[PDB]
Amino acid sequence: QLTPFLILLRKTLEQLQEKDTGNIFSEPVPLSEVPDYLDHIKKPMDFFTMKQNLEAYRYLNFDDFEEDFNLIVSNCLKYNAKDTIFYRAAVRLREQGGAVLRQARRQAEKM
Ligand SMILES: CCc1ccc(S(=O)(=O)Nc2cc3c(cc2OC)n(C)c(=O)n3C)cc1
């Protein structure tokens, strides 16, 4: 059965994906194209992996959800040079996504 909290996480995940207009963060960074990625990044994350986590009841709280979103952004800032589309997109996502999360955390607190 559905819970209000899990419904809120689903809603919030959709709102975050809407902010990623180019679908830069929809799926894992492809190791075939970026063969040194795991040399630098210890815990890859992306929205499809978050959707999998959400549906396996691994976000028992909001914190753990926000932490995975923040990894999407921090991994991208860490890996990519500043003068890239990826780095700029992660800065934009940090800005827009942070605002989605702040509002969503307020709703979570009422539960
Ligand atoms: C902007 C043109 C471009 C898109 C995808 C690629 S990719 O085939 O290398 N895929 C890819 C790489 C990513 C990436 C996302 C990618 O596919 C969308 N992110 C978030 C990231 O940090 N890296 C290094 C390369 C260039």
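Residues numbered from 1 in each chain as written, not as in the entry; some residues may be left out. Heavy atoms only, no water.

Determination of this PDB entry was carried out by X-ray crystallography to a resolution of 1.55 Å, according to the record.

## With respect to the overall build of the protein
Across its full length, the protein holds 5 helices and 0 strands. Secondary structure elements of the protein, listed N to C terminal, follow the sequence α-α-α-α-α. Against the globule reference of 13 Å for 111 residues, the protein gives a C-alpha radius of gyration of 14 Å, in line with a compact fold. Along the three orthogonal principal directions, the C-alpha set of the protein runs to about 40 × 25 × 20 Å. A burial count over the protein gives 36% of its 111 residues as buried. Considering only intrachain contacts with a sequence separation of at least 6, the fraction spanning at least 24 residues in the protein is 64%. Surface exposure of the protein reaches about 7,200 Å², of which carbon and sulfur atoms provide 52%. (Helix = DSSP H or I, 4+ residues; strand = E, 2+ residues; numbered from the N terminus. Rg over C-alpha atoms; globule rule 2.2 N^0.38 Å. Buried < 20%, exposed > 50% of the residue type's maximum accessible area, 1.4 Å probe, protein only. Contact = heavy atoms within 4.5 Å. Areas by Shrake-Rupley, 256 points an atom, 1.4 Å probe, with all protein chains shown as cover.)

## Side note on the side chain of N53
Secondary-structure assignment places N53 in helix α3 (residues 47-55). Not counting chain neighbours up to four residues away, the residues in contact with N53 comprise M45, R58, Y59 and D68.

## A few points about the site of the ligand
Every residue near the ligand is listed here: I24, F25, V29, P30, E33, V34, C76, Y79, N80 and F86. In the model, an oxygen atom of the ligand is placed 2.9 Å from a nitrogen or oxygen of the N80 side chain. When the free accessible area of the ligand is taken as 570 Å², the share hidden by the protein chains comes to 64%. Its residues assigned to classes, the shell around the ligand shows 8 nonpolar, 1 polar and 1 charged. (Near = heavy atom within 4 Å. Polar contact = N/O pair within 3.5 Å; in protein donor to acceptor, adjacent residues only side chain to side chain. Nonpolar A, V, L, I, M, F, W, Y, C, P; charged D, E, K, R; others polar.)

## Things to note about unusual backbone geometry
With a phi close to 55°, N23 is a non-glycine residue in the positive phi region. Here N23 is to be found in the loop between α1 (4-19) and α2 (37-40). Of note in the backbone geometry, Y57 takes a positive phi value of approximately 50° without being a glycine. Relative to the helices and strands, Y57 resides in the loop between α3 and α4 (62-79).

## Side note on the packing of α1 against α3
At a minimum axis distance of 11 Å, the contact between α1 and α3 shows a crossing angle of 175°. Put simply, α1 runs roughly antiparallel to α3. Of the residues in α3, those touching α1 at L9, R10, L13, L16 and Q17 are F47, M50, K51, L54 and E55. (Axes fitted to C-alpha atoms, helices over the stretch in contact; angles between N-to-C directions. Parallel < 35°, antiparallel > 145°, perpendicular 65-115°, else oblique.)

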